Amino acid sequence: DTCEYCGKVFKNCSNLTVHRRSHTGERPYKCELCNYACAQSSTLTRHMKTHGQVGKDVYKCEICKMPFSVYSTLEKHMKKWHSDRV
Amino acid sequence: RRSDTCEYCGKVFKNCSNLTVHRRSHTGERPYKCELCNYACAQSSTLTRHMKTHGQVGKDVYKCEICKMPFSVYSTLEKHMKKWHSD
DNA sequence: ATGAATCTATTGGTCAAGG
DNA sequence: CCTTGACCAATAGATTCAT
Ligand SMILES: [Zn+2]
Ligand SMILES: [Zn+2]
Ligand SMILES: [Zn+2]
Ligand SMILES: [Zn+2]
Ligand SMILES: [Zn+2]
Ligand SMILES: [Zn+2]
């Protein structure tokens with residue numbers, strides 16, 4: 001089948017459905033811990049790795065108690081989302 | 001009473017043969033084993049499909065340098081090399 | 001450094017036409 | 001009834017940006 005916007009045609013209709021999301025902006029797969037959403041379930045699994053993998057220490061946000069695997073990520077979360085509280 | 005219902009989940013089928021393949025997702029049975037790798041599936045035509053990743057009627061075939069496993073897609077061969085041959 | 005976005009090849013489960 | 005291949009979502013990994 002053919003792409004509406006790009007016009008790029010691929011042998012895979014499943015991949016085209018994902019590609020059309022980039023034009024449409026649809027993000028069906030929503031994270032259960034934050035506002036993040038994406039067009040591919042695999043990419044959401046990758047995102048979920050940043051909320052704390054089992055077996056490693058997990059840092060929670062001081063304000064909203066959101067889990068993060070990496071401390072620098074939690075710092076970026078603070079600046080992006082809790083700047084209004086300073 | 002026609003053996004159209006899954007004993008594990010209760011799904012009903014209009015084709016009893018579909019129940020036979022479906023049930024293997026509950027039992028883990030995978031009778032169709034690929035002869036060119038360790039792949040194994042529960043549906044005959046799925047193994048037929050997977051074998052297309054090993055080669056075509058003509059086209060070109062890339063074989064792993066170490067284990068001589070054939071591939072039709074080079075990127076797949078690269079993933080195989082990293083997965084099995086890190087030495 | 002950490003992670004999202006893009007890309008694509010392969011796979012699981014479904015289903016029913018037709019053999 | 002069984003075989004078979006199309007269909008769609010899911011998966012896994014690689015590359016390419018963004019911050
Ligand atoms: Zn497009
Ligand atoms: Zn999240
Ligand atoms: Zn927070
Ligand atoms: Zn079942
Ligand atoms: Zn194989
Ligand atoms: Zn090999």
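Below, all heavy atoms of this structure are taken into account, side chains as well, without hydrogens, waters or symmetry copies. Here is the naming used below: chain letters follow the sequence lines, and residue numbers restart at 1 for every chain.
The separation between A/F10 atom CZ and D/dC8 atom P is 16 Å, rounded to whole Å. Atom CG of B/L77 is separated from atom P of C/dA9 by 14 Å (rounded to the nearest Å). Per the geometry, CH2 belonging to A/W81 stands 14 Å off P belonging to D/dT19, to the nearest Å. Atom pair A/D1:CG and D/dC7:P shows a separation of 10 Å (rounding to whole Å applied). As a whole-Å value, the separation of A/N35 CG from C/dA4 P is 11 Å. Atom CE in B/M51 sits roughly 15 Å away from atom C1' in C/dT10 (whole-Å rounding). Atom CE in B/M81 sits about 13 Å away from atom P in D/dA14, given to the nearest Å. Summarising the geometry, the separation between OH on B/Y39 and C1' on C/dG12 is reported as 8 Å, rounded to the nearest angstrom.
In this pair, A/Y59 and A/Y71 present their aromatic rings perpendicular. The plane angle is above 60°, beyond the 30 to 60° band.
The listed nucleotides are C/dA4, C/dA17, C/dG13; the one nearest the side chain of B/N15 is C/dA17. Residue B/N18 has its side chain nearest to C/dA16 when only C/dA16, D/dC8, C/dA9 are considered. Comparing D/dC1, D/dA9, C/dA5 against the side chain of B/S17 picks out D/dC1 as the nearest. Comparing C/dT6, C/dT2, D/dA10 by their nearest atom to the side chain of A/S41 picks out D/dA10. Taking every side-chain heavy atom of B/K83 into account, D/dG13 is the closest of D/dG13, D/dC2, C/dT10.
Under 4.0 angstrom from either OP1 or OP2 of C/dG12 there lies no side-chain N or O belonging to B/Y32. Distances shorter than 4.0 Å separate some side-chain N or O of A/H47 from OP1 or OP2 on C/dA4. The side chain of B/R49 contributes no N or O atom lying less than 4.0 Å from OP1 or OP2 of D/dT4. The side chain of A/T73 contributes an N or O atom lying less than 4.0 Å from OP1 or OP2 of C/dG3. For the OP1/OP2 pair of D/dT11 and a distance below 4.0 Å, the side-chain nitrogens and oxygens of A/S42 include no atom meeting the criterion. For the OP1/OP2 pair of D/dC2 and a distance below 4.0 Å, the side-chain nitrogens and oxygens of B/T20 include no atom meeting the criterion. Residue B/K79 has no polar side-chain atom (N or O) positioned under 4.0 Å from OP1 or OP2 of D/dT11.
Judged by distance alone, with hydrogens and angles left aside, the side-chain atoms of B/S72 form a donor-acceptor pair with the main-chain N or O of B/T53 at under 3.5 Å.
With values rounded to the nearest 0.5 angstrom, B/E78 atom CD is found 11.0 Å from B/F71 atom CZ. One finds the CZ atom of B/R23 at 12.0 Å from the CG atom of B/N18 (value rounded to the nearest 0.5 Å).
For a distance-only test at 3.5 Å, the side chain of B/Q43 fails to qualify as a donor-acceptor partner of the base of D/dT3.
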- [ ] Starting from the C-alpha separation in whole Å, work towards a yes-or-no answer on side-chain contact (heavy atoms from CB on, under 4.5 Å) for A/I63 and A/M78.
- [x] CA-CA 9 Å; A/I63 290 89; A/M78 295 277 193; 3.6 Å; yes
TODO: Tell me, with the steps shown, if B/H22 and B/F13 meet side-chain contact (heavy atoms from CB on, under 4.5 Å).
DONE: CA-CA 10 Å; B/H22 160 86; B/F13 298 84; 3.4 Å; yes
